[PDB]
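Take a look at the structure set out below.
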Amino acid sequence: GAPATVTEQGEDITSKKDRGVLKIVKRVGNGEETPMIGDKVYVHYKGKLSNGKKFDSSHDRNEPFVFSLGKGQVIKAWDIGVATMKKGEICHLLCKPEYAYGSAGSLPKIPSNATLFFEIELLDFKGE
Ligand SMILES: CC[C@@H]1CCCC[C@@]1(O)C(=O)C(=O)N1CCCC[C@H]1C(=O)O[C@H](CCc1ccc(OC)c(OC)c1)c1cccc(OCC(=O)O)c1
């Protein structure tokens, strides 16, 4: 399925080249511009564990997830991955635990040492 395909065929987008964050572009977005550090970014996402269990979806809440990019407001894989996206882009992101919740996890849904899969759609970005 999609998690196997990004694991086996994804692009390593880490600066370290450590395979910690892998990406496949699923829907090509608009033009060339990507968001910059400090931009307010609006996204929709769904996330799943390596055991196949869904853990969250913004679509199910009928509102986007909003954060400021590159400020450590989200897990490392998301600051790294969203920074690569064009407006309107949908991608798949595989996140090894060192770029996600590590050995701690996030109770109750995320266990220790968890590799995470996300589908992410970048809706918009703007400077404040
Ligand atoms: C079950 C996983 C998780 C549980 C908390 C709510 C969100 C959650 O359901 C989830 O799907 C998730 O795993 N997210 C939410 C969408 C962005 C990616 C990821 C996330 O980063 O959530 C953070 C969790 C807290 C956090 C922030 C920064 C960290 O490192 C710098 C970090 O490391 C372990 C952990 C989150 C949750 C809620 C809001 C967030 O930012 C916007 C805001 O603060 O209003 C961010």
Side-chain angles (χ1 to χ4, degrees), residues 1-52 54-127:
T5 294
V6 65
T7 301
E8 290 168 349
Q9 311 293 334
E11 180 189 334
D12 183 355
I13 58 166
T14 64
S15 63
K16 281 194 74 169
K17 308 306 204 198
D18 63 13
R19 307 279 297 174
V21 186
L22 305 175
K23 185 190 176 193
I24 290 173
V25 175
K26 299 293 290 179
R27 182 178 71 203
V28 175
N30 303 332
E32 291 182 37
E33 199 178 8
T34 61
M36 65 173 285
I37 180 169
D39 279 352
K40 192 172 204 191
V41 297
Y42 297 75
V43 309
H44 269 303
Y45 71 95
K46 57 180 42 84
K48 284 186 169 172
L49 298 183
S50 54
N51 67 4
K54 178 176 142 188
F55 62 82
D56 203 14
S57 168
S58 61
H59 302 274
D60 294 342
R61 290 188 288 273
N62 302 123
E63 61 171 43
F65 183 83
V66 181
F67 73 106
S68 295
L69 182 67
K71 300 288 159 177
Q73 294 184 0
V74 291
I75 57 170
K76 290 174 181 194
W78 266 61
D79 270 339
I80 291 160
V82 174
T84 72
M85 297 182 74
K86 291 155 189 93
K87 191 176 165 183
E89 177 181 319
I90 300 171
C91 80
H92 286 177
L93 211 61
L94 188 84
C95 311
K96 302 304 288 180
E98 295 79 11
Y99 291 87
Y101 297 97
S103 46
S106 188
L107 281 65
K109 293 183 190 170
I110 314 296
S112 188
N113 300 331
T115 294
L116 309 178
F117 175 89
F118 293 89
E119 178 172 283
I120 303 171
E121 173 183 7
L122 178 57
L123 308 160
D124 200 11
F125 60 89
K126 60 162 190 289

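For the numbers below, each heavy atom of this structure counts, side chains included, while hydrogens, waters and symmetry mates do not. In this chain, numbering begins with 1 at the start of the sequence shown.
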Original post:
Can you list every ring-ring contact (aromatic ring centres under 6.0 Å, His included) pair that touches residues 84-116, not counting sequence neighbours?
Top reply: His92-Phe117

Subject >> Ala83 to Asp79 - nearest heavy-atom pair and separation >> reply: CB-O, 3.3 Å

**OP:** Determine the minimum heavy-atom distance between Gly81 and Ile13, stating which atoms define it.
**Re:** CA-CD1, 3.7 Å

**OP:** Treating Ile, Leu, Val, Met, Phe, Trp and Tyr as nodes and any side-chain heavy-atom pair under 4.5 angstrom as an edge, say whether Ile75 and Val82 lie in one connected cluster.
**Re:** yes

Original post:
For the side chain to side chain contact (heavy atoms under 4.5 Å, CB included) test, which of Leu69, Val74, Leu123 pairs with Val41?
Top reply: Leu69

**OP:** Would you name the heavy atoms of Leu122 and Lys86 that are closest together and state the gap between them?
**Re:** CD2-O, 3.6 Å

**OP:** Sort and list the pairs that fulfil side-chain hydrogen bond (donor to acceptor under 3.5 Å, both in side chains) and have at least one residue in residues 19-32, not counting sequence neighbours.
**Re:** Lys23-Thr84, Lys23-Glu89, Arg27-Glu121

Subject >> Minimal non-hydrogen separation, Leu49 against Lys109, with atom names >> reply: CD1-O, 3.7 Å

Original post:
Quick one: are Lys54 and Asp60 in side-chain contact, heavy atoms under 4.5 Å?
Top reply: yes

Subject >> Non-hydrogen atoms of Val21 and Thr14 that approach each other most closely >> reply: N-CG2, 3.6 Å

**OP:** Indicate if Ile120 and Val6 have the same hydrophobic cluster label, given that clusters are the connected sets of ILVMFWY residues with side-chain heavy-atom separations under 4.5 angstrom.
**Re:** no

**OP:** Determine the interplanar angle of the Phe118 and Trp78 rings, folded into 0 to 90°, and report it as parallel if under 30°, tilted if 30 to 60°, perpendicular if over 60°.
**Re:** perpendicular

Original post:
Step by step, would you call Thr34 with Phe125 a side chain to side chain contact (heavy atoms under 4.5 Å, CB included)?
Top reply: CA-CA 9 Å; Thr34 61; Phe125 60 89; 5.8 Å; no

**OP:** State, with a plain yes or no, whether a side-chain heavy atom of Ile24 is found less than 4.5 Å away from one of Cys91.
**Re:** no

Subject >> Approximate separation, where rounding is to 0.5 Å, of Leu22 CG and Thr115 OG1 >> reply: 9.5 Å

**OP:** Report yes or no: do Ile90 and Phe67 belong to one cluster of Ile/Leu/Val/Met/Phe/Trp/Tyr joined by side chain heavy-atom distances under 4.5 Å?
**Re:** no

Subject >> Interatomic spacing from CG in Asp18 to NZ in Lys96 - rounded to 0.5 Å >> reply: 11.0 Å

**OP:** With rounding to the nearest 0.5 Å, note down the distance linking CZ in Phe65 to NE2 in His44.
**Re:** 12.5 Å

Subject >> Closest non-hydrogen atom pair between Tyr42 and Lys126, with its separation >> reply: OH-NZ, 2.6 Å

